[PDB]
Amino acid sequence: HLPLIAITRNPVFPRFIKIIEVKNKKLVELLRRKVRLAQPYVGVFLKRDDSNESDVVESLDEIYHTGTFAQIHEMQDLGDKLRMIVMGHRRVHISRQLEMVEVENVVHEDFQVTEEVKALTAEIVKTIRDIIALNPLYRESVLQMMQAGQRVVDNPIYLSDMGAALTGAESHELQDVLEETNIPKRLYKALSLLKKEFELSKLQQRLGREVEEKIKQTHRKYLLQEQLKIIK
Amino acid sequence: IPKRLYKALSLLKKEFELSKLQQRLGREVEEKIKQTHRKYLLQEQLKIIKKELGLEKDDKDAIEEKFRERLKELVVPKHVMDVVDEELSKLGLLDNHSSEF
Amino acid sequence: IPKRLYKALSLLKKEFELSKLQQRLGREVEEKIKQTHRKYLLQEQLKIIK
């Protein structure tokens, strides 16, 4: 029941530490007004097409109905005066933000047989492992800490979200995956997103080795011609 | 001995069958994503051409862009236009600092 | 004895600054060469894709 925040280009994927550094100075007044609460919290939302900070403060329809309530970690202000840390813990999809009413409709229906439902997880983690091996993005200690063989994945949906967060697809695609209600449908799209990044990555590696090997085919023949010259 | 041998083989068969049906569904997903047009892949490379450097300064592209938006305004003919286009190709061949540049 | 230690140490620091200056100068010139050829890789990638 707080006025909307100026997210200012900061996606907070579920189970993914993130930082928010809004440029406006009117939000610092609200951040200083909420230190009195015993259980403080802050929400994180996603922006609609054609981002505009003036529309966030002018109108309240721009922000998506989805929200991510969470608890604060610690304020710092090392360099800037507005450096808050954010995380994605409590997802919400407001029925009507304009008319804030909210409800934790965090559906996670699953069929009784949960045996063949983890076969897709194996493909998601092997494809993500191949994305970080052929296209290394993040550290590999996090993958060894949270393994699928440890039985510590109390929220498979959250771990799948953690895996789908590695994709660089525009925010809209993430919103589209969030709109999906069935679990295999969003997982199928997440796998598709993973391959979608994979195509670009494989293209980039082929292009890099191609240009580099072309440079070598240049200079190696120059080494041969240089040998020719010196013998001449 | 024959029971353990067949059950072990069966375990390999069924686990491979799960991996095979899932891998086939994934190959089909790969086919449906590969349906994405080749323009998207070449467009990714097109963005890579413009996103290797940070700024537009200290380059022949800068001058090429001011003169080329010019070219777009003043309605050049097909001859002089193509002649300056091929000459601009040479200017691309020409060095950033050469005295002839 | 502490004065000779002071003067000898002063000589050590005097050499240490000049030496560090020479290495900094060398790495700077070399990094200019690296940024040259690396930007050549970027412009070459631009060429090949174009």
# chains A, B, ... in the order shown; residues from 1 in each chain; ligands from 1
>>> interface_residues(of="chain C", to="chain A", cutoff="9 Å", atoms="only C-alpha atoms", output="ChimeraX atom specification")
/C:41,44-45,48-49
>>> closest_atom_pairs(of="chain C", to="chain B", cutoff="9 Å", atoms="only C-alpha atoms", output="Markdown table")
| residue | atom | partner | partner_atom | distance |
| --- | --- | --- | --- | --- |
| C:39 | CA | B:53 | CA | 8.5 |
| C:42 | CA | B:52 | CA | 6.2 |
| C:43 | CA | B:52 | CA | 8.1 |
| C:45 | CA | B:49 | CA | 7.5 |
| C:46 | CA | B:49 | CA | 5.1 |
| C:47 | CA | B:49 | CA | 8.4 |
| C:49 | CA | B:49 | CA | 6.9 |
| C:50 | CA | B:49 | CA | 7.6 |
>>> write_last_selection(atoms="C-alpha atoms", output="short mmCIF file (atom, residue, chain, number, x, y, z; two decimals), in the first residue's frame")
data_model
loop_
_atom_site.label_atom_id
_atom_site.label_comp_id
_atom_site.auth_asym_id
_atom_site.auth_seq_id
_atom_site.Cartn_x
_atom_site.Cartn_y
_atom_site.Cartn_z
CA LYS C 39 40.58 -2.75 -31.97
CA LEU C 42 36.94 -5.46 -33.58
CA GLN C 43 37.13 -3.50 -36.84
CA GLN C 45 35.03 -8.37 -37.22
CA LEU C 46 33.09 -5.38 -38.50
CA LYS C 47 34.66 -5.80 -41.92
CA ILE C 49 30.41 -9.22 -41.01
CA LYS C 50 29.87 -6.33 -43.44
#
>>> interface_residues(of="chain B", to="chain A", cutoff="12 Å", atoms="only C-alpha atoms", output="ChimeraX atom specification")
/B:14-38,40-49
>>> residues_around(residues="stretch 173-185 of chain A", least_positions_apart="5", cutoff="12 Å", atoms="only C-alpha atoms", output="JSON, numbers by chain")
{"A": [11, 12, 13, 14, 45, 46, 47, 48, 49, 64, 65, 66, 67, 91, 92, 93, 105, 106, 107, 108, 109, 110, 111, 116, 117, 118, 119, 120, 121, 124, 156, 157, 158, 160, 161, 164, 165, 166, 167, 168, 190, 191, 192, 193, 194, 196], "B": [29]}
>>> write_last_selection(atoms="C-alpha atoms", output="compact mmCIF listing (two decimals), in the first residue's frame")
# COMPACT_ATOMS: atom_id res chain seq x y z
CA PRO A 11 15.14 -6.44 -13.38
CA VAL A 12 15.14 -8.57 -10.21
CA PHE A 13 14.89 -12.18 -11.33
CA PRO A 14 13.57 -14.56 -8.62
CA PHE A 45 7.86 -4.16 -10.71
CA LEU A 46 8.56 -4.40 -14.40
CA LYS A 47 8.18 -1.68 -16.98
CA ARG A 48 6.01 -1.65 -20.08
CA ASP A 49 7.00 -0.84 -23.65
CA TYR A 64 2.64 -3.98 -14.92
CA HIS A 65 0.20 -5.67 -12.60
CA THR A 66 2.97 -8.04 -11.55
CA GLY A 67 4.99 -7.10 -8.49
CA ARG A 91 5.67 -12.66 -6.45
CA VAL A 92 2.23 -11.11 -6.95
CA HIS A 93 -0.08 -10.30 -9.88
CA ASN A 105 -2.16 -16.22 -5.91
CA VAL A 106 1.14 -18.13 -6.29
CA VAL A 107 -0.27 -21.20 -8.04
CA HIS A 108 1.94 -24.31 -8.35
CA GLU A 109 -0.38 -27.16 -9.30
CA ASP A 110 1.28 -30.47 -10.12
CA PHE A 111 0.09 -33.93 -11.12
CA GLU A 116 8.71 -37.90 -15.19
CA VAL A 117 8.22 -34.20 -14.38
CA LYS A 118 11.88 -33.85 -13.36
CA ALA A 119 13.12 -35.13 -16.71
CA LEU A 120 12.75 -31.66 -18.19
CA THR A 121 14.77 -30.21 -15.30
CA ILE A 124 17.29 -27.46 -18.48
CA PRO A 156 11.85 -26.43 -8.42
CA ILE A 157 9.84 -23.60 -9.98
CA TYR A 158 12.26 -21.11 -8.38
CA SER A 160 13.89 -23.17 -13.08
CA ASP A 161 13.34 -19.42 -12.82
CA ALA A 164 15.71 -19.01 -17.15
CA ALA A 165 17.09 -15.78 -15.65
CA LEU A 166 20.44 -16.40 -17.33
CA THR A 167 18.90 -15.65 -20.74
CA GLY A 168 19.43 -12.13 -22.08
CA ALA A 190 12.26 -21.11 -20.97
CA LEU A 191 14.05 -23.94 -22.77
CA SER A 192 13.25 -22.19 -26.04
CA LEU A 193 14.74 -18.98 -24.65
CA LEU A 194 17.85 -20.90 -23.63
CA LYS A 196 17.42 -18.77 -28.50
CA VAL B 29 11.39 -27.66 -29.89
>>> select_by_dssp(residues="stretch 18-131 of chain A", states="alpha helix (DSSP H)", output="PyMOL selection string")
chain A and resi 27-33+53-58+119-131
>>> atom_distance(atom1="atom CA of residue B:88", atom2="atom CA of residue C:40")
19.9 Å
>>> residues_around(residues="residue A:143", least_positions_apart="5", cutoff="10 Å", atoms="only C-alpha atoms", output="JSON, numbers by chain")
{"A": [125, 129, 138, 148]}
>>> write_last_selection(atoms="N, CA, C and O atoms", output="compact mmCIF listing (two decimals), in the first residue's frame")
# COMPACT_ATOMS: atom_id res chain seq x y z
N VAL A 125 19.05 -28.10 -16.91
CA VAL A 125 20.36 -27.91 -16.29
C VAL A 125 21.48 -28.35 -17.21
O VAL A 125 22.55 -27.74 -17.19
N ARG A 129 24.19 -25.79 -18.49
CA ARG A 129 25.58 -26.13 -18.25
C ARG A 129 26.37 -25.99 -19.54
O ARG A 129 27.51 -25.52 -19.54
N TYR A 138 28.38 -16.56 -15.80
CA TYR A 138 28.50 -16.38 -14.35
C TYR A 138 29.46 -17.39 -13.73
O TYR A 138 29.99 -18.28 -14.40
N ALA A 148 21.19 -30.59 -8.48
CA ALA A 148 19.90 -31.28 -8.56
C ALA A 148 19.92 -32.61 -7.82
O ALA A 148 18.86 -33.17 -7.56
>>> atom_distance(atom1="atom CA of residue B:71", atom2="atom CA of residue B:58")
21.1 Å
